[PDB]
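Residue numbers (full-length UniProt numbering): 4 to 259. Even for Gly, the Cβ is constructed at its ideal location relative to N, Cα and C.
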Amino acid sequence: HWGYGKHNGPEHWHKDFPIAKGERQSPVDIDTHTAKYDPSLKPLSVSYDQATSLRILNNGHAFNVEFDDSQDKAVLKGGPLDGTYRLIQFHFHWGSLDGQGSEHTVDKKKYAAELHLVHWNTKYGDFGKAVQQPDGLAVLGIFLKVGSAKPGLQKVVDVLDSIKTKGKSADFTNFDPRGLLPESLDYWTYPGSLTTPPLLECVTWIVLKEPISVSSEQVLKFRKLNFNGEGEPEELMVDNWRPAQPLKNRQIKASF
Ligand SMILES: C[C@H]1C[C@H](N)c2cc(S(N)(=O)=O)sc2S1(=O)=O
Ligand code: MMC
Ligand SMILES: [Zn+2]
């Protein structure tokens, strides 16, 4: 099955998921001098004060923090979105070295990691139906660069010994996502897809201009996780990111 190594990595995914060669694949490089300022784009509205985190889980390719999405508790609206998108989970993509890790790049510059806050369009009723639609999901992408510690990330960093290998989980309640937002909600946005299998082209990408910073020792702990399940050859979970894909006639709009 798919992974990120030499034999099962991004360049092989097309054989099992033929849409990997499609029209609106993600990530992409954001060329800032060709992104079009669009004055009709509304400001983002992130209402995350009611968020209920439930679990953190290592799934073999990253770790997800899962949220209760049975009611409009943490939602995203505004920006390029029509209607309410509900937060279901967030995960990161990171590298083995600080100058790689992000999926989206900005003028070909790579960051140390990228956070994806995954939301689904409530008019389709459940997540399963939303991935059958072109505007079914919105992922909010935030870049991470190494510098000062981000206080709000430390509770996640501390539970990671508890989920070191594939399949493990831990209860992870009362985590507030607002502690991972940068100061500015300025964004670029373009129509894309999931960046891991099944690579469904259902996503409205909203990538924030401003990186949050995290310390070197906060990023180092991400690299101690394992792709492998318990009691197998140790395989450090580093470099779980997809290279930039062709823009193919999409336009990236900027809110600034
Ligand atoms: C069911 C999951 C299937 C994939 N593992 C996936 C990848 C996501 S990304 N890297 O594009 O933000 S969101 C997501 S999901 O649809 O939640
Ligand atoms: C069509 Hg998703
Ligand atoms: Zn992701």
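Counting only residues of its own chain and dropping the five nearest sequence neighbours on each side, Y190 has a CB closer than 7 Å to the CB of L47, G82, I209, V210, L211, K212, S258. For the 8 Å CB-CB criterion, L44 and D72 do not form a contact. For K80, DSSP records a beta bridge to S48. Following the DSSP letters along the chain, one finds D85 in no alpha helix (DSSP H), marked with neither H nor E. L84 has its alpha-carbon roughly 38 Å from the corresponding atom of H10. Checking the 7 Å criterion, the Cβ of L57 is out of range of every heavy atom belonging to ligand 1. The straight-line gap separating the alpha-carbon atoms of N177 and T55 is approximately 6 Å. DSSP places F66 in the uninterrupted beta strand (DSSP E) bounded by 66-70. In terms of side-chain proximity, the C-beta atom of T198 is found nearer than 7 Å to a non-hydrogen atom of ligand 3. For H119, the distance from the CB to the nearest heavy atom of ligand 1 is below 7 Å.
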